[PDB]
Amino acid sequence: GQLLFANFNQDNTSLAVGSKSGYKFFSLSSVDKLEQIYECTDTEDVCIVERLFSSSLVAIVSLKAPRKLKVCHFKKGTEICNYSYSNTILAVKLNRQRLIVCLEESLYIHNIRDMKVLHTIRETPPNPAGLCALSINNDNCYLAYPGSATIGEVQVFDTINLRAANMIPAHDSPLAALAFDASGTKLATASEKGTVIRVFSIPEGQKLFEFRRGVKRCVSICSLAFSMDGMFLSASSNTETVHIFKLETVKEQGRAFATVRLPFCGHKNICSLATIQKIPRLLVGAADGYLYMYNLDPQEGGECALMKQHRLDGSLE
């Protein structure tokens, strides 16, 4: 349709939306209004937008040239550099030291400073979803990607020392979702089977937490996300239910701490946990064109009320 892409930046302070007409950034500093802070129409059919935190550096990809990465300074409206790959770009992740590009059968690790290719992981198991995760933390700067196309093995790669740090046998079922916490020392995982959500230490690969994801229904988990303090972990899917888990060792271990019921199910979505105006929120960007905003009570949990609902295209309906 009109919208092609939406995601949150590394600390959930900016929402990026890619569309046929271009791309936009929205501020996430308030719940009452979704303030547009930038729009660009220089590039049409923007299918990937990746900002470097709250700076002006952005990486974008267009359906019109899906093998070509453009790195730009968006406030100046200036292309910094570009890089062309042998196959369609499936995902772009960046932090303050590295930019990684995920193709179906290879991953590229660039120095963000000059975009020189530091290392290429070749002949990976086919990854048509572009499933990967990149730590936002400089001291624990790991990349996670599937180590097998039929088994839920996680390859964990040190993008600074350029060496495989570990293989985590997280699930037998193939991987469906991956997320690092903000410290880069924890990795959440989920499989296509979707029975348990696991949290592993990084790089050691010890299982720290295992959460049961509700009724035994067939589910395709699509989004895992940590709160910035690492205490909460959300998991959403093609289902109407988002589960929020609390990483505390003194509770009824393994059970969900809060839940959300979405008004729109049956499509992929992206979730994040952000404290906005001193209140922790669950944010859900959905395929119906809306951002939904729920309140989380960090002490009592339970069901989370829908507070606000905003159009991703920016229409102030």
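Numbering starts at 1 and follows the sequence shown.
In this entry, 291-299 shows the higher mean Cα temperature factor of the pair 291-299 and 7-15.
Set 29-37 against 270-278 and average the Cα temperature factors; 29-37 ends up higher.
Sorting 90, 115, 199, 144 by the CA temperature factor given in the entry leaves 115 at the top. Highest C-alpha temperature factor among 60, 65, 52, 265 per the entry: 265. In this PDB entry, the Cα temperature factor of residue 43 sits in the middle third of its chain's modelled residues.
Per the PDB record, residue ranking by Cα B-factor puts residue 222 in the middle third of the chain. The entry lists a Cα temperature factor for residue 214 that places it in the highest third of the chain's modelled residues. Sorting the modelled residues of the chain by their CA temperature factor places residue 166 in the highest third. In the deposited entry, the Cα temperature factor of residue 95 sits in the bottom third of values across the chain's modelled residues.
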